[PDB]
Each structure stands twice: as C-alpha cells, then as structure tokens.
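Peer 1: need the 3D shape of this:
(one chain, ligands or ions: 6)
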Amino acid sequence: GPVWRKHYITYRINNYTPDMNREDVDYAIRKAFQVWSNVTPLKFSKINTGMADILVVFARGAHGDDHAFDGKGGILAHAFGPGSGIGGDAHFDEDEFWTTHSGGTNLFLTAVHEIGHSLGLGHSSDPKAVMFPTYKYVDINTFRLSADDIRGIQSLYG
Ligand SMILES: COc1ccc(S(=O)(=O)N[C@H](C)C(=O)O)cc1
Ligand SMILES: [Ca+2]
Ligand SMILES: [Ca+2]
Ligand SMILES: [Ca+2]
Ligand SMILES: [Zn+2]
Ligand SMILES: [Zn+2]
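Peer 2: Numbers count the residues shown, from 1 in each chain. Ligands and ions are numbered 1, 2, ... in the order given. See below for the structure:
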C-alpha cells in the first residue's frame, strides 16, 4: 500500500481545539511526529501556510469526507494513507475532550496512532502497540513505541 516517497514531510494545523492551550496542541502534534521520525529517515516540519502533506483538522459530525464522526466517545479520530490531496490528512473528533494528560482523550497518544496511518501503517493485533485498533491510555511522559510498531514502520520506511 502507499508510502511517502520523499524524506521531508510537511504538516499544517488547520485549526485548534478549544479543549487545550494552543501551545499544548502544537507540542502534542510535534511530539507525535517525533515518535515516528525517531525510527525512520523522515523529517517533519510544521508550515503555517500553503499546502502541507499532512493537514491536521479538528471537526465533528459530518465534516466533508466519508468518515463522519459520532459525537463523544466511539471514534476519536481518523487519518488517510499517503497520497495527494486529502491523502495523509489526520482528523480529530471535536466532540472528544482533548488533553495533555490522562483525563479526556490524550491528543498526543491519539496523534501518534493517527500519524501511523498518515504514514501508511495499518493496525496491530498486539495490545502493547500504539497501532492496536482501539484506544488505551498509557502514561505519555514515558511513552515508547512497541517493538511491533517499530517493525511495522520499518517495513515501510528505512
Ligand atoms: C491511540 O490510538 C487510537 C486512536 C483512535 C482510534 S479510533 O478512533 O478508535 N479508530 C480510528 C478510526 C483509527 O483506528 O484511527 C483507535 C486507536
Ligand atoms: Ca467520537
Ligand atoms: Ca494531504
Ligand atoms: Ca472538544
Ligand atoms: Zn474526516
Ligand atoms: Zn487506527
């Protein structure tokens, strides 16, 4: 399936959840990309204008694609695989309550998983992996990709 065929990848935050401090959204998204560039040759850069490879969006309900959100709970976010246009883009459900911590739904953890999809990774059946199909909070100050997540990404890049 698709992968990015270039090493410098850009992203852009289309808009910001009111759930968080802005700088906290910026840092959570940045840390999430870093998790992946730590184990691949990819470099990620935030641009503020123009067309990014990966558009980061907060939206609720029906939001102009075929992956309508469902209110609070259920689906937290979704992302498109590598490709032009909406390819790569990662959408976060505004009906969730985004946080830097264990309360609500953690944006950083969610963003890690969604960026995995943006890079072309699918799901793992291993509950330790961030790409397990269903969300499970783990302490983010000590967060590490599982060996399973590492083999998956390294089967696509590097
Ligand atoms: C932190 O990882 C997760 C973030 C969101 C979800 S999810 O929101 O339950 N499912 C979407 C469609 C997905 O697999 O991307 C499941 C796991
Ligand atoms: Ca939801
Ligand atoms: Ca895109
Ligand atoms: Ca919200
Ligand atoms: Zn969407
Ligand atoms: Zn997923």
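Peer 1: so who does residue 39 touch?
Peer 2: 145, 150, 153, 154, 158 (CB atoms under 8 Å, 6 or more residues apart in numbering). Using the backbone N, CA and C atoms, a C-beta is placed for each residue, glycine as well.
Peer 1: how far off centre is the strand or helix carrying residue 115?
Peer 2: In the assignment (DSSP states H and E), residue 115 maps to helix 107-119. With CA atoms, centre = their mean, to the nearest Å as the basis, helix 107-119 stands 2 Å off its chain's centre.
Peer 1: what does stretch 146-153 give?
Peer 2: On CA atoms, centre = their mean, the centre of stretch 146-153 falls 16 Å from the chain's centre.
Peer 1: what of stretch 38-51?
Peer 2: So, by CA atoms, centre = their mean, the centroid of stretch 38-51 is 13 Å from its chain's centroid.
Peer 1: check stretch 117-133 too.
Peer 2: The answer for stretch 117-133 is 11 Å, by CA atoms, centre = their mean.
Peer 1: buried residues, that stretch. List them.
Peer 2: Using 16 or more other CB atoms under 10 Å as the burial criterion, the residues of stretch 117-133 that qualify are 117, 118, 119, 120, 121, 124, 129, 130, 131, 132.
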